[PDB]
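Residue-level structure breakdown
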Amino acid sequence: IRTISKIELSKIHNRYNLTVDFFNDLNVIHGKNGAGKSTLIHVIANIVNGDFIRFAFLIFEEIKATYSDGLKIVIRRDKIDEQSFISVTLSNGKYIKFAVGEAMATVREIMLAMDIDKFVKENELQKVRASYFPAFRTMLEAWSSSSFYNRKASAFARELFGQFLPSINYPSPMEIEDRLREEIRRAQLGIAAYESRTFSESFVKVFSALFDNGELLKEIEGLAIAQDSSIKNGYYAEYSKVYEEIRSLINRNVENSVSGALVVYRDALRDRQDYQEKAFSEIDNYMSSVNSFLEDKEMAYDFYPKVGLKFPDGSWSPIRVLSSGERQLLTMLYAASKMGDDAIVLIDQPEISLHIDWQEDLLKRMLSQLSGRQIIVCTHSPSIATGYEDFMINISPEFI
Amino acid sequence: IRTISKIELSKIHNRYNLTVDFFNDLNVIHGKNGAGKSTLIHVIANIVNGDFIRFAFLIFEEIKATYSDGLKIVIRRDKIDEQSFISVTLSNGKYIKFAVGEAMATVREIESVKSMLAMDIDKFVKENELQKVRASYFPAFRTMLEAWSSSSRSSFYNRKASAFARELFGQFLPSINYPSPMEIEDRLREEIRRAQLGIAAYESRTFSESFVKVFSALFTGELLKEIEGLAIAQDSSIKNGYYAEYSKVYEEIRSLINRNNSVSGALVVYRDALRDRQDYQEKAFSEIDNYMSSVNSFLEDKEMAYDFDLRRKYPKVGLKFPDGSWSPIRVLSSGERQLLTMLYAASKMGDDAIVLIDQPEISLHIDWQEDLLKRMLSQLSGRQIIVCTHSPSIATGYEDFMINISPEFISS
Amino acid sequence: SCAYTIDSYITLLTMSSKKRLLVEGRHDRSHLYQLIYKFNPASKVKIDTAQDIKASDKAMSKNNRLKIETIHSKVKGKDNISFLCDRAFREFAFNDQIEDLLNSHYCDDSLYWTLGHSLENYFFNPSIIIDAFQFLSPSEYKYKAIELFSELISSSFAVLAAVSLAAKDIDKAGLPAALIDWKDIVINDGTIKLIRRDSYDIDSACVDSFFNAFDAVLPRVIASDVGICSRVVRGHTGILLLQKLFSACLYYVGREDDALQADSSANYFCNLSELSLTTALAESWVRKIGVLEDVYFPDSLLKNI
Ligand SMILES: Nc1ncnc2c1ncn2[C@@H]1O[C@H](COP(=O)(O)OP(=O)(O)OP(=O)(O)O)[C@@H](O)[C@H]1O
Ligand SMILES: Nc1ncnc2c1ncn2[C@@H]1O[C@H](COP(=O)(O)OP(=O)(O)OP(=O)(O)O)[C@@H](O)[C@H]1O
């Protein structure tokens, strides 16, 4: 896919210059205080989202962005006739110049943005989005709970930290709960459709065995024990009873059709178990990644679907009772999940409120979900970057 | 004075208990995620400030707080006939008791003259002397909080920010008592003014005493060089910005002496007067210079300093750059501001308090984390510092003062 | 850089509840991770590297072993951490024959030593080298090259040990890495003879001192036991020396069919990255543990964590 490979900054804030070279899988940016880590993340997020109207609020001279496929974007801020003009130049030669004051007026109002998105959609610059995790995730999550959430939180955060700040669009824990519920409902409906298919399929499978001529019952017993003791079933979970009836009628009653019917029944049980496992594959992988961190609780679902945290006494609690660090762990693992939106994950200070035993495993458990996405983190903590020192990037900007 | 010494929690959120024994100087509290560190800090900050009306918003059974002098505070939440009640019991038998619904109604009306419940709580904590020591609370969310405050505060007038933070994080959160850098700047200006007035009083007293001793005692080469060095050192100080004419007076005295016993006594009392003035200048500016030396050990390309000028009459306090430029303290970054506040809170200029800092490693580089606790303790304030941290770079070198928190989960 | 100091890391040991292992380099971390994951793929041991720990002392800055010894000394008695160092030439006797005074893994309060000179000495079992080189080969004349290499490997270890001892006698440890080239090696009837090439980029004084030390140490190494001899070879030196010896044997036995093809394959093998060789050897070494009784590993270290 398309990944950021180079960012050059010239006279940004009229203060410094900075050229950064990236990897395509993982980048761990680090540097001193005020070195421009957060500004680099903001520039990357605004470029990747195609939100060039943010650049009216940044004082700079030239920003060069290079992607993986060779696409190059050059953004310039010229000053002519005591007016500032933003110039965006692609590698195709197509360009768009718009006035700063018009962009400021559209900001005060919230036409030019329509021209901008037509230019972006024409040149396919929104092929991959960017999930921006700011350094103030905790108070923003607490504020928003007291895409509309993205819009309101973006307005409030740009009110506080300036209008250059990108659109906040990382998955909040309430969004995580809603998407988990939607995936659980879809998995149940998929199980319903698969059962209706295998229902009509097994009738002609049995009908085929009527025209053709021990341990199988034990294997069916094992499959029925596994399915009856499965949390993914809440309804018609009495396979042990019908298995006992079947084995009683077998011991009461050698025809080859009986053995073929036993084969069909074993295949139907294991096939239903296989589709039931593949329907809940992403949810179980995400909850296994989360529950590898939590100590005295376990995130789990139960059936109407309930999604919460089981404690060792069996009591349930909502996701709102989690602490700040545990909620941040939930969000950062969901952004790298397969059920999360495919994007470029930009995290600013992922080490906030995380114990060092979790900081050592955060990047490992994000990369072990095989999302294939590019992850860029800016950290001050050496325990985040341990084990991945080949991907560390040290930025030392040249101040003027 | 009075320092906290033991906190015993019982069934916080009906599931876990905790028992922590503290030290009187420094307590670096660390633990796993979700252990109950921020809840412990909130409990200490509500108890020490005497804001017991917060405890109607916590689900618990019993919380005991023991101080260093032996005063024990026992807070019990009971449910009598489905009606919940908070009972606060001290060690001398004095006690108060109120309803949880009344407290919730009082807090909601404060959202919309104090109530009967607020007046009763304040009378109870005032007549029992429960508010000797304050508690500076540095929250974990302070970096965005000061950004919110700078778009619309002090250690005593912080009602709006505390109300907003309790709106975001629930009503159990204590009041936001940590000093803003504006309060630090104002306090620095006031301390500089007080130091100048004390210097003026010392000048008058030393002038009268030196004239009396001179006139009574009235009826060599090394002394002139020593007095020359003392006058050069007096002239080369920032504190003498209102008067820098010591070398001219020394040269006039030396020229009167050099052209031609009784003069040796005048020379040695002149040297003693210069030494006494220099020592009173160090004493009167001791806390300010110590605090600025603690702060300027962290800042790289700038230094915090004070300035006087005879043309104006207002001592200038702010940042000084090596190229001579002056900028106020608001042009600092977030981490440098955190350093400024966390070093003023452990200083002698700050109020007598128990410094409760939650996550001191917020927005700090790894070079600054290794020196924060050393520079807080080197000011010798005698405070009790309680930090809840996840960073080994904060806590390095203080492994004897580290306290692990492992709550005990109860099943019911 | 963004790394812990000695005191900060000691504090991290106090704060963290995981089972930890401290090793010298990052390559040691990757190899030991494969070794641990063979026995327990779900193991939760976290391995730290002393290479990524800053030291205030200038001398201790690049002395990884001294960092490990300092850390081990200051937390001596902890339960959750184990230490591994490189034995180097410690506990070896050079009294006209190579003698191992331990012949077992060293242990001193969670401080362990590799059985050989370093961690890479575990790779010097002949079966591992064969399997790994066969798997990582140009695939032109692999079978005959492996058969010849399997014949040469018995006596070549004496040559490698002599090279390492000659390097440490004149203190020019990195000298054989750039001095000896695979073309200089000659494949005889089971033996090899690194001819002193007349032309070398390095000065003749270093080359002459190296060959004087090599000649003076070779009969002593020959008289020593082969098993003891295979463990004293320096870890980084041995890998490259085997790479050159295999490039030489491949070109020697494949030039008659096509000299250019053999030379291209030999240069290709010689141009292979060291990291590629170490990873291939590590995979072969992991697979041979438990199959052959002649493959060693730090069993005490694995047992301790
Ligand atoms: N208008 C401005 N907006 C933002 N930063 C600015 C501006 N003018 C100058 N700067 C400088 O840019 C730096 C702040 O940028 P940024 O937030 O990316 O830095 P950082 O290294 O991530 O910071 P920190 O470690 O404090 O979080 C500081 O050096 C600051 O002095
Ligand atoms: N309303 C609640 N109901 C139940 N349990 C709660 C509630 N609020 C908090 N908790 C529990 O208390 C703990 C949160 O307390 P606290 O924030 O002090 O923890 P912490 O150890 O400081 O966390 P962190 O890792 O965020 O620093 C968690 O175990 C959480 O499950």
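Scoring rules and cut-offs
Residues numbered from 1 in each chain as written, not as in the entry; some residues may be left out. Chains lettered and ligands numbered in written order. Part of a larger assembly, values for the part shown. Heavy atoms only, no water. Residues with missing side-chain atoms left out of burial classes, pairs and counts. Near = heavy atom within 4 Å. Polar contact = N/O pair within 3.5 Å; in protein donor to acceptor, adjacent residues only side chain to side chain. Areas by Shrake-Rupley, 256 points an atom, 1.4 Å probe, with all protein chains shown as cover. Pairing = 2+ DSSP bridges. Helix = DSSP H or I, 4+ residues; strand = E, 2+ residues; numbered from the N terminus. Axes fitted to C-alpha atoms, helices over the stretch in contact; angles between N-to-C directions. Contact = heavy atoms within 4.5 Å. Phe/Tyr/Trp six-rings, centres within 6.5 Å; stacked < 30°, edge-to-face > 60°. Buried < 20%, exposed > 50% of the residue type's maximum accessible area, 1.4 Å probe, protein only. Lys NZ or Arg CZ within 6 Å of the ring centre and 35° of its normal. Nonpolar A, V, L, I, M, F, W, Y, C, P; charged D, E, K, R; others polar.

In the PDB archive, cryo-EM is given as the structure determination method for this entry, at a resolution of 3.68 Å.

Here we come to the site of ligand 1. Near ligand 1, the surroundings consist of A:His13, A:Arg15, A:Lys32, A:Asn33, A:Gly34, A:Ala35, A:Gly36, A:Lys37, A:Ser38, A:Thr39, A:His380 and B:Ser334. Around ligand 1, the neighbouring residues derive from chains A and B rather than from a single chain. The separation between an oxygen atom of ligand 1 and a polar side-chain atom of A:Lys37 is 2.7 Å. Take A:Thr39: an N or O atom from its main chain is 2.5 Å from an oxygen atom of ligand 1. In the complex, 67% of the free accessible area of ligand 1, which totals 640 Å², lies under the protein chains.

Attention now moves to the sheet that holds strand β2 (residues 46-49) of chain C. All names here are of chain C. Taking strand neighbours across the sheet as the criterion, the four strands line up as β2-β1-β3-β6 in an open arrangement whose pairing is parallel. Of all strands in the sheet, those bounded by a partner on one side alone are β2 and β6 (111-113). Along the sheet, successive strands turn relative to each other by an average axial angle of 25 degrees, direction set aside. Relative to β2, strand β1 (residues 20-23) runs parallel, the two sharing four bridges. Considered in β2, the bridge of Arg 20 is made with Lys 46. Against the sheet, helix α2 (residues 26-39) makes contact with β1, β2 and β3 (81-85), and its axis sits at roughly 165 degrees relative to β2, the strand it touches most.

Scanning the model with the defined rule gives 47 aromatic pairs over all chains in all. Judged by centre distance (6.5 Å) and plane angle (40 degrees), the ring pair of A:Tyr388 and A:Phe391 falls under tilted. Owing to a relative accessible area of 15%, A:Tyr388 belongs among the buried residues under this scheme. Centroid distance C:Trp182 to C:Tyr251: 5.6 Å. Interplanar angle 75 degrees. Geometry classified as edge-to-face. Linking C:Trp182 in the loop between α7 (175-179) and α8 (204-223) with C:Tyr251 in helix α10 (residues 235-254), this pair joins segments that are 69 residues apart in sequence. For C:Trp182, a relative accessible area of 3% translates into the label buried. An aromatic cluster is present here, built from A:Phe52, A:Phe55, A:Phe60, A:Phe119 and A:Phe164 joined pairwise through their rings. Cation over ring: A:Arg2 sits above A:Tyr67, and NZ or CZ is 5.3 Å from the ring centre. It is B:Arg2 that lies over the ring of B:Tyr67; its NZ or CZ is 5.0 Å from the centre.

Turning our eyes to something else, we now look at the site of ligand 2. Neighbouring ligand 2 are 16 residues, the closest being B:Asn33, B:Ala35, B:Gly36, B:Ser38 and B:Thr39. Each of chains A and B places residues next to ligand 2. Separating an oxygen atom of ligand 2 from a backbone N or O atom of B:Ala35 is a distance of 2.5 Å. B:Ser38 places a main-chain nitrogen or oxygen 2.9 Å from an oxygen atom of ligand 2. Counting only elements with at least two residues in the shell around ligand 2, the list comes to α11 (324-335) of chain A together with α1 (37-48) of chain B. Tallying contributions element by element places α1(B) first for the shell around ligand 2, with three residues. Each residue belonging to the shell around ligand 2 can be placed in one class, and the counts come to three nonpolar, ten polar and three charged.

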